[PDB]
Amino acid sequence: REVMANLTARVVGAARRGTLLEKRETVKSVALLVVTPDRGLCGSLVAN
Amino acid sequence: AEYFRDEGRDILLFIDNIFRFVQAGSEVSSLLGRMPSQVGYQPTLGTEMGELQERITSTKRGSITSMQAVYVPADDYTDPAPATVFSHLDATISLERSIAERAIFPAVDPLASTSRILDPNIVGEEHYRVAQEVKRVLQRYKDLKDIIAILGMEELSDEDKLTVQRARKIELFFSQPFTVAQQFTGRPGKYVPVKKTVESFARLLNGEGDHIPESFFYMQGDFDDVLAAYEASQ
């Protein structure tokens with residue numbers, strides 16, 4: 001994390017940051033990673 | 001009442017605590033020296049009940065619309081007196097203490113209450129379907145009482161959760177203020193026609209009113225009153 005902090009403090013170039021660090025303006029497609037317990041009895045978490 | 005029935009006049013007959021009739025027979029038999037049967041009751045319980053009840057019949061000369069009350073000793077529905085009454089009725093309405101202790105003052109248990117005229121030819125197809133669905137719901141609820149009691153609401157499936165929510169809403173909605181209950185309850189009495197009741201329960205079963213909290217179904221008339229209360233609460 002502090003490695004991210006230091007490196008991003010530099011290489012601020014948008015073209016340089018075009019790799020992943022770039023913010024897509026259109027945001028036409030999005031993706032959600034959902035991590036859900038595998039077995040139930042968990043309570044209200046699986047649903048929440 | 002038989003004189004008025006025999007001349008053709010329709011009779012509304014209201015007997016109170018047919019049980020008390022049976023309990024007295026029991027005391028009379030005990031003093032008469034008869035051999036006791038079951039829990040101290042008279043040996044001639046069935047015959048006495050028959051002799052009294054078979055006179056409460058609508059004949060071809062006139063009709064008697066009879067409404068009776070029966071007191072269950074303690075809370076035992078297997079007592080010989082109610083068990084003997086049960087076979088002498090066209091419509092049975094079972095009031096349970098557990099429902100009453102939930103402030104549901106009508107206190108009628110839908111699953112333990114039946115009627116012979118609940119027939120699509122007699123009462124109507126829509127009424128019959130609504131009643132059968134209102135029993136199938138709350139039967140799914142009675143089947144899941146222990147799972148909700150121990151594990152909780154979460155373990156049920158989505159459709160099971162929906163049926164349980166609708167069942168509890170239906171339990172609250174069966175409650176209804178009475179005009180004669182103003183003495184100890186501040187709710188004004190409500191008279192819901194059978195058509196309004198059927199329409200309200202059909203709308204509740206369809207899904208309308210799902211968003212409404214259950215507390216708004218308590219002491220209400222038809223579904224329009226519940227919707228108006230919800231709008232008042234915004």
# chains A, B, ... in the order shown; residues from 1 in each chain; ligands from 1
$ closest_atom_pairs --of "chain B" --to "chain A" --cutoff "10 Å" --atoms "only C-alpha atoms" --output "CSV"
residue,atom,partner,partner_atom,distance
B:151,CA,A:41,CA,8.1
B:152,CA,A:43,CA,8.5
B:153,CA,A:44,CA,9.0
B:154,CA,A:44,CA,6.1
B:155,CA,A:41,CA,6.7
$ residues_around --residues "residue 205 (chain B)" --least-positions-apart "3" --cutoff "12 Å" --atoms "only C-alpha atoms" --output "list in words"
residues 129, 130, 131, 132, 133, 134, 135, 136, 137, 138, 162, 163, 164, 165, 166, 167, 168, 169, 170, 173, 198, 199, 200, 201, 202, 208, 209, 210 and 223 of chain B
$ write_last_selection --atoms "C-alpha atoms" --output "mmCIF file, in the first residue's frame"
data_model
loop_
_atom_site.group_PDB
_atom_site.id
_atom_site.type_symbol
_atom_site.label_atom_id
_atom_site.label_comp_id
_atom_site.auth_asym_id
_atom_site.auth_seq_id
_atom_site.Cartn_x
_atom_site.Cartn_y
_atom_site.Cartn_z
ATOM 1 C CA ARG B 129 -60.484 -20.357 -4.054
ATOM 2 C CA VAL B 130 -59.635 -17.478 -1.715
ATOM 3 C CA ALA B 131 -60.502 -19.527 1.377
ATOM 4 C CA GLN B 132 -58.510 -22.545 0.192
ATOM 5 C CA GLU B 133 -55.487 -20.350 -0.529
ATOM 6 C CA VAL B 134 -55.804 -18.571 2.831
ATOM 7 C CA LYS B 135 -55.682 -22.023 4.422
ATOM 8 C CA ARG B 136 -52.783 -23.336 2.302
ATOM 9 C CA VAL B 137 -51.000 -20.242 3.482
ATOM 10 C CA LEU B 138 -50.887 -20.509 7.288
ATOM 11 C CA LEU B 162 -42.803 -14.699 1.205
ATOM 12 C CA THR B 163 -45.438 -17.230 2.279
ATOM 13 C CA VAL B 164 -44.532 -16.774 5.950
ATOM 14 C CA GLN B 165 -44.738 -12.980 5.665
ATOM 15 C CA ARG B 166 -48.106 -13.242 3.914
ATOM 16 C CA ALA B 167 -49.303 -15.733 6.538
ATOM 17 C CA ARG B 168 -48.432 -13.408 9.414
ATOM 18 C CA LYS B 169 -50.070 -10.517 7.559
ATOM 19 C CA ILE B 170 -53.174 -12.689 7.121
ATOM 20 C CA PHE B 173 -55.726 -9.072 9.056
ATOM 21 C CA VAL B 198 -63.029 -12.012 -0.334
ATOM 22 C CA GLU B 199 -61.701 -9.123 -2.427
ATOM 23 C CA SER B 200 -59.367 -7.974 0.355
ATOM 24 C CA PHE B 201 -57.910 -11.435 0.880
ATOM 25 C CA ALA B 202 -57.558 -12.054 -2.864
ATOM 26 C CA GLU B 208 -50.787 -6.068 -3.222
ATOM 27 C CA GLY B 209 -49.941 -4.946 0.291
ATOM 28 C CA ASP B 210 -46.611 -6.792 0.440
ATOM 29 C CA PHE B 223 -58.080 -3.884 2.432
#
$ residues_around --residues "residue 85 (chain B)" --least-positions-apart "5" --cutoff "10 Å" --atoms "only C-alpha atoms" --output "number ranges by chain"
B: 18-19, 22, 46, 49-50, 53, 68, 70, 80, 92
$ write_last_selection --atoms "N, CA, C and O atoms" --output "PDB file, in the first residue's frame"
ATOM      1  N   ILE B  18     -73.405 -24.764  25.149  1.00  0.00           N
ATOM      2  CA  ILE B  18     -73.958 -26.146  25.104  1.00  0.00           C
ATOM      3  C   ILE B  18     -73.143 -26.990  26.092  1.00  0.00           C
ATOM      4  O   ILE B  18     -73.738 -27.859  26.724  1.00  0.00           O
ATOM      5  N   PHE B  19     -71.837 -26.746  26.236  1.00  0.00           N
ATOM      6  CA  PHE B  19     -71.049 -27.460  27.264  1.00  0.00           C
ATOM      7  C   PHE B  19     -71.794 -27.397  28.580  1.00  0.00           C
ATOM      8  O   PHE B  19     -72.047 -28.435  29.119  1.00  0.00           O
ATOM      9  N   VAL B  22     -74.092 -29.941  28.996  1.00  0.00           N
ATOM     10  CA  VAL B  22     -73.460 -31.277  29.226  1.00  0.00           C
ATOM     11  C   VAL B  22     -72.904 -31.401  30.640  1.00  0.00           C
ATOM     12  O   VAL B  22     -73.106 -32.444  31.223  1.00  0.00           O
ATOM     13  N   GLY B  46     -73.522 -39.146  24.786  1.00  0.00           N
ATOM     14  CA  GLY B  46     -73.866 -39.082  23.376  1.00  0.00           C
ATOM     15  C   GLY B  46     -75.361 -39.047  23.140  1.00  0.00           C
ATOM     16  O   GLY B  46     -75.846 -38.299  22.290  1.00  0.00           O
ATOM     17  N   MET B  49     -76.736 -35.577  24.173  1.00  0.00           N
ATOM     18  CA  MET B  49     -76.379 -34.605  23.150  1.00  0.00           C
ATOM     19  C   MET B  49     -77.219 -34.788  21.898  1.00  0.00           C
ATOM     20  O   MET B  49     -77.674 -33.808  21.303  1.00  0.00           O
ATOM     21  N   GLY B  50     -77.428 -36.033  21.473  1.00  0.00           N
ATOM     22  CA  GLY B  50     -78.267 -36.268  20.313  1.00  0.00           C
ATOM     23  C   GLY B  50     -79.694 -35.815  20.532  1.00  0.00           C
ATOM     24  O   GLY B  50     -80.276 -35.138  19.684  1.00  0.00           O
ATOM     25  N   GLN B  53     -79.656 -31.994  20.334  1.00  0.00           N
ATOM     26  CA  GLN B  53     -79.221 -31.377  19.087  1.00  0.00           C
ATOM     27  C   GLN B  53     -80.081 -31.740  17.887  1.00  0.00           C
ATOM     28  O   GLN B  53     -80.290 -30.890  17.015  1.00  0.00           O
ATOM     29  N   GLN B  68     -74.441 -21.736  18.068  1.00  0.00           N
ATOM     30  CA  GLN B  68     -74.187 -22.233  19.409  1.00  0.00           C
ATOM     31  C   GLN B  68     -72.797 -21.822  19.868  1.00  0.00           C
ATOM     32  O   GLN B  68     -71.926 -21.478  19.066  1.00  0.00           O
ATOM     33  N   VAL B  70     -69.697 -23.310  22.628  1.00  0.00           N
ATOM     34  CA  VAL B  70     -69.239 -24.466  23.388  1.00  0.00           C
ATOM     35  C   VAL B  70     -67.999 -24.066  24.171  1.00  0.00           C
ATOM     36  O   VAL B  70     -67.056 -23.506  23.604  1.00  0.00           O
ATOM     37  N   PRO B  80     -64.673 -34.875  26.242  1.00  0.00           N
ATOM     38  CA  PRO B  80     -65.837 -35.560  25.652  1.00  0.00           C
ATOM     39  C   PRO B  80     -66.955 -34.634  25.204  1.00  0.00           C
ATOM     40  O   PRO B  80     -67.631 -34.939  24.214  1.00  0.00           O
ATOM     41  N   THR B  92     -67.987 -25.143  12.057  1.00  0.00           N
ATOM     42  CA  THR B  92     -67.221 -25.153  13.294  1.00  0.00           C
ATOM     43  C   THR B  92     -66.244 -23.989  13.281  1.00  0.00           C
ATOM     44  O   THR B  92     -65.544 -23.777  12.285  1.00  0.00           O
TER      45      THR B  92
END
$ select_by_dssp --residues "region 15-105 of chain B" --states "strand (DSSP E or B)" --output "number ranges by chain"
B: 15, 37, 41, 64-68, 91-92, 95
$ select_by_dssp --residues "region 25-112 of chain B" --states "helix (DSSP H, G or I)" --output "PyMOL selection string"
chain B and resi 25-32+45-53+80-88+97-101+110-112
$ atom_distance --atom1 "CA of residue 120 (chain B)" --atom2 "CA of residue 86 (chain B)"
23.1 Å
$ atom_distance --atom1 "CA of residue 3 (chain B)" --atom2 "CA of residue 54 (chain B)"
15.3 Å
$ atom_distance --atom1 "CA of residue 104 (chain B)" --atom2 "CA of residue 157 (chain B)"
27.8 Å
$ residues_around --residues "residue 22 (chain A)" --least-positions-apart "5" --cutoff "12 Å" --atoms "only C-alpha atoms" --output "number ranges by chain"
A: 8, 11-17, 27
$ write_last_selection --atoms "N, CA, C and O atoms" --output "PDB file, in the first residue's frame"
ATOM      1  N   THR A   8       2.473   6.122  -7.149  1.00  0.00           N
ATOM      2  CA  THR A   8       1.441   6.984  -7.713  1.00  0.00           C
ATOM      3  C   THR A   8       1.748   8.454  -7.471  1.00  0.00           C
ATOM      4  O   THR A   8       1.332   9.308  -8.263  1.00  0.00           O
ATOM      5  N   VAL A  11       4.818   9.328 -11.729  1.00  0.00           N
ATOM      6  CA  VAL A  11       4.157   8.709 -12.918  1.00  0.00           C
ATOM      7  C   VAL A  11       2.694   9.160 -12.940  1.00  0.00           C
ATOM      8  O   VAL A  11       1.816   8.314 -13.198  1.00  0.00           O
ATOM      9  N   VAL A  12       2.445  10.445 -12.672  1.00  0.00           N
ATOM     10  CA  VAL A  12       1.047  10.966 -12.612  1.00  0.00           C
ATOM     11  C   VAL A  12       0.492  11.087 -14.035  1.00  0.00           C
ATOM     12  O   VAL A  12      -0.729  11.293 -14.173  1.00  0.00           O
ATOM     13  N   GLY A  13       1.355  10.960 -15.047  1.00  0.00           N
ATOM     14  CA  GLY A  13       0.913  11.110 -16.447  1.00  0.00           C
ATOM     15  C   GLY A  13      -0.289  10.233 -16.746  1.00  0.00           C
ATOM     16  O   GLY A  13      -0.212   9.019 -16.479  1.00  0.00           O
ATOM     17  N   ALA A  14      -1.361  10.826 -17.282  1.00  0.00           N
ATOM     18  CA  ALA A  14      -2.588  10.059 -17.600  1.00  0.00           C
ATOM     19  C   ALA A  14      -2.251   8.967 -18.618  1.00  0.00           C
ATOM     20  O   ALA A  14      -2.697   7.821 -18.422  1.00  0.00           O
ATOM     21  N   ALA A  15      -1.487   9.313 -19.659  1.00  0.00           N
ATOM     22  CA  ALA A  15      -1.062   8.304 -20.657  1.00  0.00           C
ATOM     23  C   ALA A  15      -0.237   7.229 -19.945  1.00  0.00           C
ATOM     24  O   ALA A  15      -0.454   6.034 -20.226  1.00  0.00           O
ATOM     25  N   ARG A  16       0.664   7.645 -19.050  1.00  0.00           N
ATOM     26  CA  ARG A  16       1.467   6.671 -18.264  1.00  0.00           C
ATOM     27  C   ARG A  16       0.510   5.822 -17.423  1.00  0.00           C
ATOM     28  O   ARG A  16       0.789   4.621 -17.243  1.00  0.00           O
ATOM     29  N   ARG A  17      -0.549   6.442 -16.892  1.00  0.00           N
ATOM     30  CA  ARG A  17      -1.498   5.722 -15.999  1.00  0.00           C
ATOM     31  C   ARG A  17      -2.615   5.089 -16.831  1.00  0.00           C
ATOM     32  O   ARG A  17      -3.564   4.551 -16.228  1.00  0.00           O
ATOM     33  N   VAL A  27     -17.551   4.372 -18.560  1.00  0.00           N
ATOM     34  CA  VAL A  27     -18.064   3.463 -17.491  1.00  0.00           C
ATOM     35  C   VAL A  27     -19.274   2.707 -18.052  1.00  0.00           C
ATOM     36  O   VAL A  27     -20.221   2.454 -17.284  1.00  0.00           O
TER      37      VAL A  27
END
$ residues_around --residues "residue 71 (chain B)" --least-positions-apart "2" --cutoff "10 Å" --atoms "only C-alpha atoms" --output "PyMOL selection string"
chain B and resi 16-20+69+73-77+81-82
$ write_last_selection --atoms "N, CA and C atoms" --output "PDB file, in the first residue's frame"
ATOM      1  N   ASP B  16     -76.313 -20.783  24.489  1.00  0.00           N
ATOM      2  CA  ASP B  16     -75.013 -20.336  25.044  1.00  0.00           C
ATOM      3  C   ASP B  16     -74.381 -21.462  25.859  1.00  0.00           C
ATOM      4  N   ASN B  17     -73.126 -21.789  25.564  1.00  0.00           N
ATOM      5  CA  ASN B  17     -72.387 -22.846  26.296  1.00  0.00           C
ATOM      6  C   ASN B  17     -73.113 -24.191  26.314  1.00  0.00           C
ATOM      7  N   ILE B  18     -73.405 -24.764  25.149  1.00  0.00           N
ATOM      8  CA  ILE B  18     -73.958 -26.146  25.104  1.00  0.00           C
ATOM      9  C   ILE B  18     -73.143 -26.990  26.092  1.00  0.00           C
ATOM     10  N   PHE B  19     -71.837 -26.746  26.236  1.00  0.00           N
ATOM     11  CA  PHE B  19     -71.049 -27.460  27.264  1.00  0.00           C
ATOM     12  C   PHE B  19     -71.794 -27.397  28.580  1.00  0.00           C
ATOM     13  N   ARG B  20     -72.080 -26.193  29.079  1.00  0.00           N
ATOM     14  CA  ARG B  20     -72.725 -26.083  30.413  1.00  0.00           C
ATOM     15  C   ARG B  20     -73.935 -27.027  30.444  1.00  0.00           C
ATOM     16  N   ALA B  69     -72.606 -21.845  21.179  1.00  0.00           N
ATOM     17  CA  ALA B  69     -71.296 -21.693  21.788  1.00  0.00           C
ATOM     18  C   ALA B  69     -70.977 -22.961  22.560  1.00  0.00           C
ATOM     19  N   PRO B  73     -63.285 -27.353  28.451  1.00  0.00           N
ATOM     20  CA  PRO B  73     -62.657 -27.330  29.775  1.00  0.00           C
ATOM     21  C   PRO B  73     -61.156 -27.151  29.646  1.00  0.00           C
ATOM     22  N   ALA B  74     -60.587 -26.357  30.552  1.00  0.00           N
ATOM     23  CA  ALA B  74     -59.196 -25.943  30.433  1.00  0.00           C
ATOM     24  C   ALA B  74     -58.968 -25.374  29.040  1.00  0.00           C
ATOM     25  N   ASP B  75     -58.147 -26.051  28.244  1.00  0.00           N
ATOM     26  CA  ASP B  75     -58.033 -25.777  26.817  1.00  0.00           C
ATOM     27  C   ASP B  75     -57.988 -27.081  26.035  1.00  0.00           C
ATOM     28  N   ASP B  76     -58.717 -28.086  26.508  1.00  0.00           N
ATOM     29  CA  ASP B  76     -58.659 -29.439  25.967  1.00  0.00           C
ATOM     30  C   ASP B  76     -59.797 -29.609  24.969  1.00  0.00           C
ATOM     31  N   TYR B  77     -59.456 -29.619  23.682  1.00  0.00           N
ATOM     32  CA  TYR B  77     -60.438 -29.882  22.640  1.00  0.00           C
ATOM     33  C   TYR B  77     -60.781 -31.358  22.515  1.00  0.00           C
ATOM     34  N   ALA B  81     -67.173 -33.503  25.890  1.00  0.00           N
ATOM     35  CA  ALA B  81     -68.283 -32.630  25.504  1.00  0.00           C
ATOM     36  C   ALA B  81     -68.042 -31.959  24.155  1.00  0.00           C
ATOM     37  N   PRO B  82     -66.953 -31.210  23.942  1.00  0.00           N
ATOM     38  CA  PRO B  82     -66.718 -30.667  22.595  1.00  0.00           C
ATOM     39  C   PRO B  82     -66.550 -31.742  21.540  1.00  0.00           C
TER      40      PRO B  82
END
